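This report concerns only the one structure given below.
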Amino acid sequence: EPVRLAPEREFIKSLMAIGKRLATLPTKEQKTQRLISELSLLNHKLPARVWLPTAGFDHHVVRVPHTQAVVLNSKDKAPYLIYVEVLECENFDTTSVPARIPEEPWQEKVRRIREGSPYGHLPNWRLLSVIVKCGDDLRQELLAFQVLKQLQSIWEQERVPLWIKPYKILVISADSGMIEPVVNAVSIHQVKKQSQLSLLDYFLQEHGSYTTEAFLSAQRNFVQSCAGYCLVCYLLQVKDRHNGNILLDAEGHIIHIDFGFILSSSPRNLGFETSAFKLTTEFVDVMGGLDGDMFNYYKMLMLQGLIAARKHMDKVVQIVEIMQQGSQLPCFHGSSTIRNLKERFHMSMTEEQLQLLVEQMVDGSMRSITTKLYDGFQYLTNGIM
Ligand SMILES: [Mg+2]
């Protein structure tokens, strides 16, 4: 029995077909009801010789818990999120399809699904998640994912301890795809809404006090991820940054999501911004303030990260150029997109100049901080303060 492709195609198509039927429904409530029925049907055919390509390890799909999926918010479309139970195997080509067994945080979902699943006792059981978008073009997300992976590889190679979290994208059609969500994390919006704390106070409560290893560890993770995404947002010109599309994980890292406006995507910023990455007071406070060692570390990481990126520039630009040749995406706008991208690597600068640039960029990223208004008047008047 060779690895047959038709089962897999039918599986992927079934997920898209579900989305299409949900999209005929006006209300979220109705889509939720329909989704339960749809997933129950899917389970008729499982386990099967099919896989979720976003897994990143060989496995068979065994179950899609039909009550546990989520219809996501959409004005027009019908995006949805499913949890998918799989059994890991070492080699998919040699492994037989598993025999059927008859019938909040990530951590609680995993617990509840495992307990309710006839497969949940198996040691090779794993829960995966995927967002199915049957009417959204994900090629721009895929480009971002490819670039993020490349930057991650560059920083690893150059031993720069920046941290980012590329999330997997599958492009199905020109107007459909799949996204592996980042599950161990909540938007900063919700972290603040639920806790009613600043991020600093949240860290002190959740991780520990200033003298604790946990606090320092979380702070280090926050800085390394902040620096990583600062560079990502600058190089890719990621726009539409807000607390709804920045997540916080249980380790203190931030994760940027939703790359719907990158590179030359309209509308262009008219406020002379170097990047839409904004370093708020709240963020600077987590780093222990403007004069703090962790803020200095942040700036050092930005410089070492940019040095590393610059050194391997062609690896990143090539990814963008290949995507541009194949596709007519909104983030491309004729010649200038690539020119401007290359210029953001600062190939002509010395490391001394790059250090000065990082200072300017960091200063600019805090432009929304009220202190900058208060203490910026020397640039706007003939006074020296
Ligand atoms: Mg002046």
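Going by the structure tokens order, chains are called A, B, ..., each with residues numbered from 1, while ligands are numbered from 1 in the order shown.
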
Can you pull out every residue with an atom within 6 Å of ligand 1? Use only C-alpha atoms and all ligand atoms and format it as JSON, numbers by chain.
{"A": [378, 379, 381, 382, 383, 384]}

Selection above as a file: C-alpha atoms, as a short mmCIF file (atom, residue, chain, number, x, y, z; two decimals), in the first residue's frame:
data_model
loop_
_atom_site.label_atom_id
_atom_site.label_comp_id
_atom_site.auth_asym_id
_atom_site.auth_seq_id
_atom_site.Cartn_x
_atom_site.Cartn_y
_atom_site.Cartn_z
CA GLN A 378 13.51 71.45 21.15
CA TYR A 379 12.81 70.04 17.66
CA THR A 381 10.93 75.62 18.62
CA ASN A 382 14.17 77.61 18.90
CA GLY A 383 14.35 76.78 22.62
CA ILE A 384 16.96 74.15 23.54
#

Contact table segment 215-322 of chain A vs segment 335-348 of chain A, cut-off 7 Å, shortest pair per residue, only C-alpha atoms, as a tab-separated table:
residue	atom	partner	partner_atom	distance
A:235	CA	A:344	CA	6.1
A:263	CA	A:337	CA	6.5
A:264	CA	A:337	CA	6.0
A:310	CA	A:345	CA	5.1
A:313	CA	A:345	CA	6.9

Output as an MDAnalysis selection string all residues of segment 159-316 of chain A that backbone DSSP marks as alpha helix (DSSP H).
chainID A and resid 188:195 199:206 213:236 281:286 293:311 313:316

With segment 143-166 of chain A as the partner and 9 Å as the cut-off, tabulate the residues of segment 288-355 of chain A that qualify, each row holding the nearest pair of atoms and their distance in Å to one decimal, using only C-alpha atoms, sorted by chain and rising number, as a tab-separated table.
residue	atom	partner	partner_atom	distance
A:301	CA	A:162	CA	6.7
A:302	CA	A:162	CA	8.3
A:304	CA	A:160	CA	6.5
A:305	CA	A:160	CA	6.3
A:308	CA	A:158	CA	6.2
A:309	CA	A:154	CA	6.7
A:311	CA	A:154	CA	8.8
A:312	CA	A:154	CA	6.9
A:315	CA	A:150	CA	7.3
A:316	CA	A:147	CA	6.0
A:317	CA	A:147	CA	8.6
A:319	CA	A:147	CA	6.8
A:320	CA	A:143	CA	6.9
A:323	CA	A:143	CA	6.9

Atom pair atom CA of residue 366 of chain A + atom CA of residue 286 of chain A, distance 14.3 Å

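Residues in contact range of segment 359-361 of chain A, defined as at most 10 Å between only C-alpha atoms, with sequence neighbours fewer than 4 positions away removed, read residues 230, 234, 273, 274, 275, 299, 300, 302, 303, 353, 354, 355, 365, 366 and 367 of chain A.
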
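Atom CA of residue 124 of chain A is positioned 27.6 Å from atom CA of residue 37 of chain A.
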
Residue 40 of chain A surroundings by only C-alpha atoms, 9 Å radius, close-in-sequence under 6 positions cut, as number ranges by chain
A: 64-67

Just C-alpha atoms for this one: save the residues we selected as a short mmCIF file (atom, residue, chain, number, x, y, z; two decimals), in the first residue's frame.
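Writing the result to part12.cif gives the following:
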data_model
loop_
_atom_site.label_atom_id
_atom_site.label_comp_id
_atom_site.auth_asym_id
_atom_site.auth_seq_id
_atom_site.Cartn_x
_atom_site.Cartn_y
_atom_site.Cartn_z
CA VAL A 64 -12.15 15.65 15.29
CA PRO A 65 -14.11 16.35 18.53
CA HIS A 66 -17.32 17.69 17.05
CA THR A 67 -18.47 19.79 20.04
#

Based on DSSP run over this structure's backbone, return all residues of segment 126-305 of chain A in strand (DSSP E or B), as a list in words.
residues 126, 127, 128, 129, 130, 131, 132, 133, 169, 170, 171, 177, 178, 179, 185, 186, 187, 246, 247, 248, 249, 254, 255 and 256 of chain A

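Counting only C-alpha atoms, the residue from A:322, A:138, A:357, A:86 that sits nearest to residue 175 of chain A is A:138.
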
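For the pair atom CA of residue 251 of chain A and atom CA of residue 277 of chain A, the separation is 21.2 Å.
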
For residue 221 of chain A: contacts at 12 Å, only C-alpha atoms, fewer than 4 positions along chain excluded, given as a PyMOL selection string:
chain A and resi 161-164+203+207+214-217+225-228+248-255+286-287+294+297-298

Writer output for current selection, N, CA and C atoms, as a PDB file, in the first residue's frame:
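Saved to out_17.pdb:
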ATOM      1  N   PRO A 161      20.191  35.732  20.411  1.00  0.00           N
ATOM      2  CA  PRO A 161      19.054  35.136  21.125  1.00  0.00           C
ATOM      3  C   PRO A 161      17.713  35.867  21.030  1.00  0.00           C
ATOM      4  N   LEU A 162      17.423  36.415  19.850  1.00  0.00           N
ATOM      5  CA  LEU A 162      16.106  36.934  19.532  1.00  0.00           C
ATOM      6  C   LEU A 162      15.119  35.774  19.507  1.00  0.00           C
ATOM      7  N   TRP A 163      13.848  36.070  19.775  1.00  0.00           N
ATOM      8  CA  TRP A 163      12.832  35.035  19.797  1.00  0.00           C
ATOM      9  C   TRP A 163      11.636  35.501  18.991  1.00  0.00           C
ATOM     10  N   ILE A 164      11.202  34.658  18.046  1.00  0.00           N
ATOM     11  CA  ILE A 164       9.935  34.848  17.365  1.00  0.00           C
ATOM     12  C   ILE A 164       9.240  33.492  17.237  1.00  0.00           C
ATOM     13  N   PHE A 203       3.080  40.584  35.182  1.00  0.00           N
ATOM     14  CA  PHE A 203       4.304  39.803  35.311  1.00  0.00           C
ATOM     15  C   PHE A 203       4.645  39.560  36.783  1.00  0.00           C
ATOM     16  N   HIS A 207       4.434  35.718  37.335  1.00  0.00           N
ATOM     17  CA  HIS A 207       5.746  35.086  37.281  1.00  0.00           C
ATOM     18  C   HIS A 207       6.395  35.136  38.661  1.00  0.00           C
ATOM     19  N   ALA A 214      11.882  33.602  38.207  1.00  0.00           N
ATOM     20  CA  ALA A 214      10.756  33.532  37.283  1.00  0.00           C
ATOM     21  C   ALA A 214      10.509  34.890  36.628  1.00  0.00           C
ATOM     22  N   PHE A 215      10.626  35.951  37.427  1.00  0.00           N
ATOM     23  CA  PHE A 215      10.415  37.289  36.907  1.00  0.00           C
ATOM     24  C   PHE A 215      11.498  37.613  35.884  1.00  0.00           C
ATOM     25  N   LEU A 216      12.754  37.397  36.270  1.00  0.00           N
ATOM     26  CA  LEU A 216      13.873  37.697  35.387  1.00  0.00           C
ATOM     27  C   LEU A 216      13.794  36.897  34.081  1.00  0.00           C
ATOM     28  N   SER A 217      13.392  35.623  34.184  1.00  0.00           N
ATOM     29  CA  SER A 217      13.262  34.748  33.031  1.00  0.00           C
ATOM     30  C   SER A 217      12.196  35.285  32.079  1.00  0.00           C
ATOM     31  N   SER A 225      11.707  38.597  22.609  1.00  0.00           N
ATOM     32  CA  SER A 225      10.600  38.540  21.667  1.00  0.00           C
ATOM     33  C   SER A 225      10.221  39.934  21.167  1.00  0.00           C
ATOM     34  N   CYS A 226      10.248  40.933  22.057  1.00  0.00           N
ATOM     35  CA  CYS A 226      10.002  42.313  21.656  1.00  0.00           C
ATOM     36  C   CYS A 226      11.020  42.743  20.603  1.00  0.00           C
ATOM     37  N   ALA A 227      12.299  42.420  20.839  1.00  0.00           N
ATOM     38  CA  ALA A 227      13.369  42.767  19.911  1.00  0.00           C
ATOM     39  C   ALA A 227      13.186  42.025  18.587  1.00  0.00           C
ATOM     40  N   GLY A 228      12.862  40.732  18.665  1.00  0.00           N
ATOM     41  CA  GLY A 228      12.603  39.951  17.471  1.00  0.00           C
ATOM     42  C   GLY A 228      11.497  40.565  16.618  1.00  0.00           C
ATOM     43  N   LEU A 248       0.466  37.165  24.257  1.00  0.00           N
ATOM     44  CA  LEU A 248       1.435  36.915  25.315  1.00  0.00           C
ATOM     45  C   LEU A 248       1.372  35.445  25.721  1.00  0.00           C
ATOM     46  N   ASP A 249       2.525  34.766  25.736  1.00  0.00           N
ATOM     47  CA  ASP A 249       2.537  33.360  26.103  1.00  0.00           C
ATOM     48  C   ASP A 249       2.876  33.212  27.587  1.00  0.00           C
ATOM     49  N   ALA A 250       2.765  31.973  28.081  1.00  0.00           N
ATOM     50  CA  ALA A 250       2.902  31.711  29.505  1.00  0.00           C
ATOM     51  C   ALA A 250       4.342  31.895  29.973  1.00  0.00           C
ATOM     52  N   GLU A 251       5.282  32.078  29.035  1.00  0.00           N
ATOM     53  CA  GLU A 251       6.692  32.211  29.372  1.00  0.00           C
ATOM     54  C   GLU A 251       7.113  33.680  29.377  1.00  0.00           C
ATOM     55  N   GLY A 252       6.226  34.570  28.921  1.00  0.00           N
ATOM     56  CA  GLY A 252       6.504  35.996  28.891  1.00  0.00           C
ATOM     57  C   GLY A 252       6.889  36.524  27.508  1.00  0.00           C
ATOM     58  N   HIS A 253       6.930  35.653  26.491  1.00  0.00           N
ATOM     59  CA  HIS A 253       7.153  36.114  25.128  1.00  0.00           C
ATOM     60  C   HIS A 253       5.904  36.798  24.578  1.00  0.00           C
ATOM     61  N   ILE A 254       6.099  37.812  23.730  1.00  0.00           N
ATOM     62  CA  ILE A 254       5.040  38.296  22.856  1.00  0.00           C
ATOM     63  C   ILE A 254       5.154  37.617  21.488  1.00  0.00           C
ATOM     64  N   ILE A 255       4.006  37.537  20.798  1.00  0.00           N
ATOM     65  CA  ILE A 255       3.889  36.966  19.462  1.00  0.00           C
ATOM     66  C   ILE A 255       2.968  37.870  18.642  1.00  0.00           C
ATOM     67  N   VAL A 286       7.739  46.973  31.671  1.00  0.00           N
ATOM     68  CA  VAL A 286       8.050  45.558  31.843  1.00  0.00           C
ATOM     69  C   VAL A 286       9.563  45.360  31.757  1.00  0.00           C
ATOM     70  N   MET A 287      10.204  46.131  30.869  1.00  0.00           N
ATOM     71  CA  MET A 287      11.644  46.078  30.687  1.00  0.00           C
ATOM     72  C   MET A 287      12.362  46.857  31.779  1.00  0.00           C
ATOM     73  N   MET A 294      17.589  45.848  31.147  1.00  0.00           N
ATOM     74  CA  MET A 294      16.842  45.023  30.209  1.00  0.00           C
ATOM     75  C   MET A 294      16.470  45.816  28.956  1.00  0.00           C
ATOM     76  N   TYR A 297      19.638  45.845  27.004  1.00  0.00           N
ATOM     77  CA  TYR A 297      19.718  44.537  26.371  1.00  0.00           C
ATOM     78  C   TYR A 297      18.843  44.494  25.115  1.00  0.00           C
ATOM     79  N   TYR A 298      17.612  45.003  25.218  1.00  0.00           N
ATOM     80  CA  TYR A 298      16.709  45.120  24.083  1.00  0.00           C
ATOM     81  C   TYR A 298      17.417  45.802  22.910  1.00  0.00           C
TER      82      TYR A 298
END

Which residues come within 12 Å of segment 288-290 of chain A, counting only C-alpha atoms, excluding same-chain residues fewer than 4 positions away, as a PyMOL selection string?
chain A and resi 199-201+203-204+210+215-216+219-220+222-223+279-284+294-299+362-363+366+369+371

Once you have the residues from the selection above, write them out as a PDB file, in the first residue's frame, restricted to N, CA and C atoms.
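The result, written out as out18.pdb:
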ATOM      1  N   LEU A 199       0.945  45.248  32.272  1.00  0.00           N
ATOM      2  CA  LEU A 199       1.769  44.085  31.982  1.00  0.00           C
ATOM      3  C   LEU A 199       2.821  43.893  33.074  1.00  0.00           C
ATOM      4  N   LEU A 200       3.415  44.987  33.580  1.00  0.00           N
ATOM      5  CA  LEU A 200       4.405  44.845  34.639  1.00  0.00           C
ATOM      6  C   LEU A 200       3.772  44.143  35.840  1.00  0.00           C
ATOM      7  N   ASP A 201       2.604  44.635  36.271  1.00  0.00           N
ATOM      8  CA  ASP A 201       1.929  44.120  37.456  1.00  0.00           C
ATOM      9  C   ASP A 201       1.490  42.680  37.218  1.00  0.00           C
ATOM     10  N   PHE A 203       3.080  40.584  35.182  1.00  0.00           N
ATOM     11  CA  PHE A 203       4.304  39.803  35.311  1.00  0.00           C
ATOM     12  C   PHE A 203       4.645  39.560  36.783  1.00  0.00           C
ATOM     13  N   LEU A 204       4.606  40.610  37.605  1.00  0.00           N
ATOM     14  CA  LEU A 204       4.963  40.474  39.012  1.00  0.00           C
ATOM     15  C   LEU A 204       4.035  39.478  39.718  1.00  0.00           C
ATOM     16  N   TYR A 210      10.530  40.940  41.836  1.00  0.00           N
ATOM     17  CA  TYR A 210      11.758  41.361  41.183  1.00  0.00           C
ATOM     18  C   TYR A 210      12.944  40.453  41.508  1.00  0.00           C
ATOM     19  N   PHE A 215      10.626  35.951  37.427  1.00  0.00           N
ATOM     20  CA  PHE A 215      10.415  37.289  36.907  1.00  0.00           C
ATOM     21  C   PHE A 215      11.498  37.613  35.884  1.00  0.00           C
ATOM     22  N   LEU A 216      12.754  37.397  36.270  1.00  0.00           N
ATOM     23  CA  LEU A 216      13.873  37.697  35.387  1.00  0.00           C
ATOM     24  C   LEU A 216      13.794  36.897  34.081  1.00  0.00           C
ATOM     25  N   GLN A 219      10.985  38.337  31.987  1.00  0.00           N
ATOM     26  CA  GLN A 219      11.444  39.620  31.492  1.00  0.00           C
ATOM     27  C   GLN A 219      12.398  39.417  30.310  1.00  0.00           C
ATOM     28  N   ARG A 220      13.338  38.473  30.444  1.00  0.00           N
ATOM     29  CA  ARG A 220      14.283  38.153  29.392  1.00  0.00           C
ATOM     30  C   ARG A 220      13.554  37.690  28.125  1.00  0.00           C
ATOM     31  N   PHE A 222      10.364  38.360  27.346  1.00  0.00           N
ATOM     32  CA  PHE A 222       9.664  39.517  26.813  1.00  0.00           C
ATOM     33  C   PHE A 222      10.601  40.371  25.947  1.00  0.00           C
ATOM     34  N   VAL A 223      11.805  40.665  26.452  1.00  0.00           N
ATOM     35  CA  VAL A 223      12.752  41.511  25.731  1.00  0.00           C
ATOM     36  C   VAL A 223      13.189  40.845  24.429  1.00  0.00           C
ATOM     37  N   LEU A 279       6.585  50.892  20.901  1.00  0.00           N
ATOM     38  CA  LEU A 279       7.074  50.567  22.222  1.00  0.00           C
ATOM     39  C   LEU A 279       6.351  51.485  23.201  1.00  0.00           C
ATOM     40  N   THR A 280       5.308  50.962  23.852  1.00  0.00           N
ATOM     41  CA  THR A 280       4.492  51.750  24.762  1.00  0.00           C
ATOM     42  C   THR A 280       5.157  51.852  26.128  1.00  0.00           C
ATOM     43  N   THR A 281       4.646  52.770  26.955  1.00  0.00           N
ATOM     44  CA  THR A 281       5.089  52.921  28.331  1.00  0.00           C
ATOM     45  C   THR A 281       4.984  51.583  29.061  1.00  0.00           C
ATOM     46  N   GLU A 282       3.863  50.893  28.854  1.00  0.00           N
ATOM     47  CA  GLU A 282       3.588  49.613  29.494  1.00  0.00           C
ATOM     48  C   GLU A 282       4.705  48.614  29.185  1.00  0.00           C
ATOM     49  N   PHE A 283       5.136  48.575  27.918  1.00  0.00           N
ATOM     50  CA  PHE A 283       6.201  47.689  27.478  1.00  0.00           C
ATOM     51  C   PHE A 283       7.540  48.088  28.093  1.00  0.00           C
ATOM     52  N   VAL A 284       7.858  49.385  28.053  1.00  0.00           N
ATOM     53  CA  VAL A 284       9.104  49.872  28.612  1.00  0.00           C
ATOM     54  C   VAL A 284       9.135  49.559  30.113  1.00  0.00           C
ATOM     55  N   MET A 294      17.589  45.848  31.147  1.00  0.00           N
ATOM     56  CA  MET A 294      16.842  45.023  30.209  1.00  0.00           C
ATOM     57  C   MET A 294      16.470  45.816  28.956  1.00  0.00           C
ATOM     58  N   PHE A 295      16.206  47.118  29.107  1.00  0.00           N
ATOM     59  CA  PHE A 295      16.011  47.995  27.958  1.00  0.00           C
ATOM     60  C   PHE A 295      17.308  48.142  27.158  1.00  0.00           C
ATOM     61  N   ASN A 296      18.460  48.234  27.831  1.00  0.00           N
ATOM     62  CA  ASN A 296      19.734  48.282  27.120  1.00  0.00           C
ATOM     63  C   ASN A 296      19.976  46.972  26.366  1.00  0.00           C
ATOM     64  N   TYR A 297      19.638  45.845  27.004  1.00  0.00           N
ATOM     65  CA  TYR A 297      19.718  44.537  26.371  1.00  0.00           C
ATOM     66  C   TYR A 297      18.843  44.494  25.115  1.00  0.00           C
ATOM     67  N   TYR A 298      17.612  45.003  25.218  1.00  0.00           N
ATOM     68  CA  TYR A 298      16.709  45.120  24.083  1.00  0.00           C
ATOM     69  C   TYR A 298      17.417  45.802  22.910  1.00  0.00           C
ATOM     70  N   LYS A 299      18.059  46.942  23.173  1.00  0.00           N
ATOM     71  CA  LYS A 299      18.692  47.705  22.108  1.00  0.00           C
ATOM     72  C   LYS A 299      19.886  46.941  21.537  1.00  0.00           C
ATOM     73  N   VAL A 362      14.529  53.112  17.923  1.00  0.00           N
ATOM     74  CA  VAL A 362      13.926  52.840  19.221  1.00  0.00           C
ATOM     75  C   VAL A 362      13.237  54.110  19.709  1.00  0.00           C
ATOM     76  N   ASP A 363      13.928  55.248  19.585  1.00  0.00           N
ATOM     77  CA  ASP A 363      13.357  56.533  19.951  1.00  0.00           C
ATOM     78  C   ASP A 363      12.041  56.741  19.194  1.00  0.00           C
ATOM     79  N   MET A 366       8.836  54.953  20.294  1.00  0.00           N
ATOM     80  CA  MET A 366       8.237  55.457  21.520  1.00  0.00           C
ATOM     81  C   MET A 366       7.555  56.807  21.290  1.00  0.00           C
ATOM     82  N   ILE A 369       4.563  57.791  23.215  1.00  0.00           N
ATOM     83  CA  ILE A 369       4.680  57.955  24.655  1.00  0.00           C
ATOM     84  C   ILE A 369       4.588  59.447  24.975  1.00  0.00           C
ATOM     85  N   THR A 371       5.670  61.318  27.284  1.00  0.00           N
ATOM     86  CA  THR A 371       6.943  61.944  27.618  1.00  0.00           C
ATOM     87  C   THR A 371       7.599  62.570  26.386  1.00  0.00           C
TER      88      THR A 371
END

Given the choices A:334, A:118, A:105, A:364, which gets closest to residue 271 of chain A if the distance is worked out from only C-alpha atoms?
A:364

Spatial neighbours of residue 172 of chain A, max dist 10 Å, only C-alpha atoms, sep filter under 4 positions, as an NGL selection string
:A and (12-13 or 16 or 133-134 or 136-139 or 176-178)

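Nearest-residue note for residue 141 of chain A: choosing from A:169, A:5, A:331, A:22, the minimum distance belongs to A:169, counting only C-alpha atoms.
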
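Among the candidates A:356, A:306, A:25, A:183, the one nearest to residue 229 of chain A when counting only C-alpha atoms is A:306.
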
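Using only C-alpha atoms for every distance, the candidate list A:24, A:54, A:265, A:73 yields A:54 as the residue closest to residue 170 of chain A.
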